[PDB]
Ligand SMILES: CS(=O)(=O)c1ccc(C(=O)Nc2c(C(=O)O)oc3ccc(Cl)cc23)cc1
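Listed next as structure tokens is one chain, alone, in the form solved without the named molecule.
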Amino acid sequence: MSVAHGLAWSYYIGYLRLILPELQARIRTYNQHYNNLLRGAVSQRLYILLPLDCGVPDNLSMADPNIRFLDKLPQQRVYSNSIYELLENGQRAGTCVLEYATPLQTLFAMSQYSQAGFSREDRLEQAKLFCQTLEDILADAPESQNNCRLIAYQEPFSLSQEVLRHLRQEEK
């Protein structure tokens, strides 16, 4: 329905269209001049986490102990994008720029506030339609699809393995 439609368009206009054109250059700059020489290159593309239950925690490292914060990307009013290391059996298995799609926090809060007239069933339906609309916007957005990946997932699960699966899919 139209709630998800407006949120996906807002997320694109007010944020993704402003950060994705220069993201590739920032990632290259970090790999060439800031990344520790004993580390693997940070993967290209912004990985956007889309929990379908709209459960967006405040700390990304507290959600999963295998997602460890590493550094902030060189800055692009201003935007702070974080680089995370994904651990598998203690070893570093991948490194990427990761963050939650914040409009799903709004969908969660709307399902909690009575005045919003928004059910928990409406939340799940609108979360899926938010992902659909955002995927359609990014499919034809100039310099945005090849610079980001949408990670949609449902929970009853390892969030670190969910991100690693998408990273290995791009490599294969």
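All residue numbers refer to positions in the sequence shown, first residue = 1.
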Between residue 82 and residue 83, the number of deposited residues left without coordinates comes to none
For the stretch from residue 156 to residue 157, please bin the deposited residues that the model skips: none, 1 to 3, 4 to 9, or 10 or more. 4 to 9
Mean CA B-factor: is it higher for 131-139 or for 54-62? 54-62
Ranked by mean Cα B-factor in the entry, 85-93 and 98-106, top stretch is 85-93
Out of 119, 126, 43, 31, residue topping the C-alpha B-factor column of the entry: 119
Binned into thirds over the chain's modelled residues, the C-alpha B-factor of residue 167 lands in the highest
The third of the chain into which the C-alpha temperature factor of residue 24 falls is the middle
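What comes next is about the form deposited with the named molecule bound, which is not displayed.
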For the ligand-free chain shown, place the named molecule by superposition of the C-alphas around its site using the coordinates in the entry with it bound, and mark the site blocked if 3 or more ligand atoms sit within 2.4 Å of backbone or C-beta atoms, otherwise open. blocked
Taking the named molecule as it sits in the entry with it bound, is residue 118 in contact with it (heavy atom to heavy atom, 4.5 Å or less)? no
With the partner left out here, check for me: in the entry with it bound, does some heavy atom of residue 29 sit within 4.5 Å of the named molecule? yes
Does the named molecule come within 4.5 Å of any heavy atom of residue 75 in the entry with it bound? yes
Using a 4.5 Å cut-off on heavy atoms, which residues of 27-42 contact the named molecule in the entry with it bound? 29, 30, 33, 34, 37
